[PDB]
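Consider the single chain below, provided in structure tokens and representing the form deposited in one PDB entry.
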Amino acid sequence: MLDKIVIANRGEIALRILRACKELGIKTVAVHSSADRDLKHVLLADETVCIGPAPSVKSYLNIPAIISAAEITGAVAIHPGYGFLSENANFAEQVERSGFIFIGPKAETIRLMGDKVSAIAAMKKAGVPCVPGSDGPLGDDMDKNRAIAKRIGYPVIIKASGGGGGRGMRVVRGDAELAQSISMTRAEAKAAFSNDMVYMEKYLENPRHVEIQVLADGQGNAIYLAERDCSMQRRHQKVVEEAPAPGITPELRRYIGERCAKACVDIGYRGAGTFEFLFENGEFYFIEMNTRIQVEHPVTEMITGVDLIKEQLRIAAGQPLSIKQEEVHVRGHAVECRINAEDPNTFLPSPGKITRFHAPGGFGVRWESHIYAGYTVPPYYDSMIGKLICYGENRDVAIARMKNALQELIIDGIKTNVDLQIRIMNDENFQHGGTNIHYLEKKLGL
């Protein structure tokens, strides 16, 4: 087992990782910005290093500073969390180059999946169903581009290969807009990722966002841990996630999960990973792969019993997966509500000092947050300050537990989305289940 690790992150995920370390007897090094001295996990860590001032470029994205902290503390490994440098292949390469373990896949694997064109070709080759598309980069030849669009069928979508999070992608519904759409997406891709490579996909009008959790170790073991529905979103920001996905039969779960695990074996994947799919008309279509642990990982943990962060640390230490596939069983239902320090009318971050705090409790209630009474939410980072996860023996009990828990949650002094989450829980269509990726924006529009 790993002696000591640096937690190269902040807020809730850093505390999540810290708890996992402590359970395993792993010494913790909290690296933090000058704005993050009073973070709960920093306060609980065995060692702390201030790695720079508030802005992330000089703290949590500061590669030399994070590596130096691992060096000076005698840490053997670095957990990147999610966000920041977790999908940075150059960072992971530098970590291993410097002699430390990067808690994730190989840098080659990160780089493969961070290139959307190459990642798709690898999945399609491995037997994972993908969106009908160009199966290759789009050139500058617009006669070819119109032919590819005719072949696929309008509507189509133009996407940056080096991009993510819906940044720079446009729907095209006819030839007349195609040239201009390609050109703009390409220009925005060059400006944002220094990679002007773009591709084309059939545009799916009303899909659900359903993703498969995987774990792969260094002994050839690769398993799937069911799915998450993350369709309840706004402007490419998830709001509610749940596991398993409503409507998904064990037969579908088996079908797509086995194909994801098979893909892991083919690519020599290691650690925790997520295969993202658009799900429409009973069909799965691969869009992209995340090589990190994700925000919404706790709902998967509730329904399988598997502690995914502890699995990450074991894999990195050279231990095999602590469970086998036939030992993985979907039990019950879990719902996650993201808690954001945000303005209700603008949806912009709403930082400030929390004056009164109370966390909910009870059976099946899980609160994932660093916040406390007296804590100041800094303006420099993401608005998400906490995660409320509620489990029940079925979906309805999970929703009922969520409502009660949201009504016990007190966070005064700052603006939050607790009232919105309450609205979503009481939403008749959510309560029915199976609402598509566009539902929340349509509901908010009304």
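Don't overthink the numbering: it's just position in the shown sequence, from 1.
Compared with the other entries of this protein, residue 164 is frequently left unbuilt, missing from a third or more of those that build its neighbours. Looking at the other PDB entries for this protein, residue 248 is present in the model in all of those that include the residues around it, rather than absent from a third. The mean C-alpha temperature factor is higher for 163-171 when 163-171 and 254-262 are set side by side.
In this crystal structure, the stretch out of 321-329 and 207-215 whose C-alpha atoms carry the higher mean B factor is 321-329. Comparing the listed residues 366, 338, 228, 236, the entry records the largest Cα B-factor for 236.
The maximum CA B-factor among the listed residues 306, 179, 157, 85, taken from the PDB record, is found at 179. Sort the chain's modelled residues by C-alpha temperature factor and residue 224 lands in the middle third, per the entry. Ranked by C-alpha B-factor against the other modelled residues of its chain, residue 296 falls in the lowest third. When the modelled residues of the chain are ordered by C-alpha B-factor, residue 276 sits in the middle third. Residue 357 sits in the middle third of its chain by CA B factor, as recorded in the PDB entry. Looking at the C-alpha B-factors along this chain, the one for residue 124 belongs to the highest third.
Beyond what is shown, the protein has a form deposited with a partner chain bound; the following relates to that form.
Only one of 274-282, 258-266, 345-353, 245-253 lies within 4.5 Å of its partner chain in the entry with it bound by heavy atoms, and it is 345-353. Of the candidates 324, 125, 150, 235, 235 is the one whose heavy atoms come within 4.5 Å of its partner chain in the entry with it bound; the others do not. 341 is the sole member of 75, 341, 210, 240 with a non-hydrogen atom lying within 4.5 angstroms of its partner chain in the entry with it bound. Within 4.5 Å of some heavy atom of its partner chain in the entry with it bound lies at least one heavy atom of residue 378. Taking the partner from the other structure, its partner chain in the entry with it bound has a heavy atom within 4.5 Å of a heavy atom of residue 65.
Taking the partner from the other structure, its partner chain in the entry with it bound has a heavy atom within 4.5 Å of a heavy atom of residue 52. Taking the partner from elsewhere, residue 421 is found to have every heavy atom lying beyond 4.5 Å of its partner chain in the entry with it bound.
Rigid-part rearrangement between this form and the one not shown places its hinge, out of 250, 326, 348, 205, at 205. In the entry with it bound, the Cα positions of residue 253 and residue 152 lie at least 3 Å nearer to each other than in the form displayed.
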